Every structure is written in structure tokens, then in C-alpha cells.
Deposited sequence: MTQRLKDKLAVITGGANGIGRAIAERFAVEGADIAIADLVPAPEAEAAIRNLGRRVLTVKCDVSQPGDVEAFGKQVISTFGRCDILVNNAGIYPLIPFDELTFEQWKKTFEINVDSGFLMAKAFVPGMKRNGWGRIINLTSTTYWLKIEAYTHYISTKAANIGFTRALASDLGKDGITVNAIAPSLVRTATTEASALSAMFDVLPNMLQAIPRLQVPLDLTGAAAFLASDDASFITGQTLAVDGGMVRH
């Protein structure tokens, strides 16, 4: 059953890892894709074409207002709408606090947190006109774990949750849901549990597709931990 048929889904950071897996899972579900990423998405486009869906890929720095505004327009001209926004772009370099500079700290927020805002500002207007929308933000289980050298990272991942919860309250009456997913230590090309096994991008796709469907229209402001039963909240 294609639960996302005729839906247009935007996925930042969709060129690799979790972003790609989600973009592809959505195409399988029947949705068209619009990818925003710093580097080309050859593998993604190809994968999405073979499914019979439309795909748009754009080299865009989601931390720059200009880029996002441009990307927003190019997406509306191309598909005329965005029903689903998946904020997946983010960086997680390990950096000891004594080495963490204000520049690195600010840089981590611009990419991990600002992007979600700028993208929301670009696509929420359309979602409201159509009276339907789905915003999914990627956070991290590290938010609840004891781990060093991630002061910058964990701070942005928590903002992601606050943003998910607060924006949920602002759009609840427009038929738009705002939720978040917190994966564990996933195995991507650049990357204690109840279920003994390393996590892979595919593990997150089921939750993403569920949240973006009608089966979760009454679920908003939540954070779903998909980590094999490590974190409990």
C-alpha cells in the first residue's frame, strides 16, 4: 500500500546515510522527492527514478537563508508543493570542550538547527494552504546519554526537540504534524541495547513513513527513539 502517493517530500541531507534511505523509502511509498544537499546525489536520483517517481536534487547549503529561499522556490515551481519536510541535514564532529571554539559552536547550530527553521519558513505556507503537512526532524539518542566531546552537538540535537515540540503547537490547527526521530549509533558511509545489533539506515525508514502517513495524523510534538531499546524516555 502506497501511503504517500502523490505527496511531495523534501529531504535535506538526502545524498547519503539516513537521508538517502528515507528518501528512497518514501519513493517506494509513492512520493516524489526533492533533495537538498552540499554534494550531488547520483545514487539517490538513480534509485528514485527506477521506482517510477519524480526526483529533484540541488546543491544547497541548508544553513544559508539565500540557498534555502532559492531551493524553496525551485521546489514550488518544479512540483508546485511540499507536503512533507524531513530535516535530516546535520554534522556531528567529536570535539573536546577545551578545543571547542565559538566559531565551531555557531557553525554547528547554523547547520543542525537553523536549517530546520529556514526550511519550515519556506514550506509551511504551502502546507497551510492545502490544510495538510508533515514535518519530521532528526535528533539523536545522545541527548539522553553520557558521552564526552559533544557539547556543541548535543546542544543542537536538543534544540531540534524543542523546535519539534513548539512548532507542533503552532501548526496543530492547520492539519500539520511536527515530530522527531532519534536514531542510535547508525552505520552510514561516514559514521547496552535490548536488541543486540548495530543500527542501519533502513531501521529508521519504517518510523519515518509511519509518521508521514494518515496513521499518525493525531501524533504531533513527539520524539520517537529508534535505537534497539537502549534509551528509555
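According to the record, no C-alpha positions are given for deposited positions 1, 193-207, numbered from 1.
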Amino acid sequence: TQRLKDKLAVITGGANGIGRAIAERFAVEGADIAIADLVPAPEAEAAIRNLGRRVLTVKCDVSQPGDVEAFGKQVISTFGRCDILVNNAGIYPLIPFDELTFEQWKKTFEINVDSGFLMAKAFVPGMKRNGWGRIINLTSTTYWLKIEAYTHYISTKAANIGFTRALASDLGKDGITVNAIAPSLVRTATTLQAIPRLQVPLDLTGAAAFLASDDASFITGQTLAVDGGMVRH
From here on, numbers count along this sequence of modelled residues.
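Looking at mean Cα B-factors across 174-182 and 192-200, the upper value is held by 192-200. Of the two segments, 35-43 and 60-68, the one listed with the higher mean B-factor is 35-43 (C-alpha atoms only). Per the deposited coordinates, the residue with the largest Cα temperature factor out of 87, 74, 155, 108 is 74. Per-chain ranking of the deposited C-alpha B factor places residue 134 in the lowest third. The entry lists a Cα temperature factor for residue 164 that places it in the lowest third of the chain's modelled residues. Ranked by Cα temperature factor within the chain, residue 116 sits in the lowest third according to the deposited record.
When the modelled residues of the chain are ordered by their C-alpha B factor, residue 144 lands in the lowest third. Residue 7: CA B factor in the highest third of modelled residues in this chain (values from the PDB entry).
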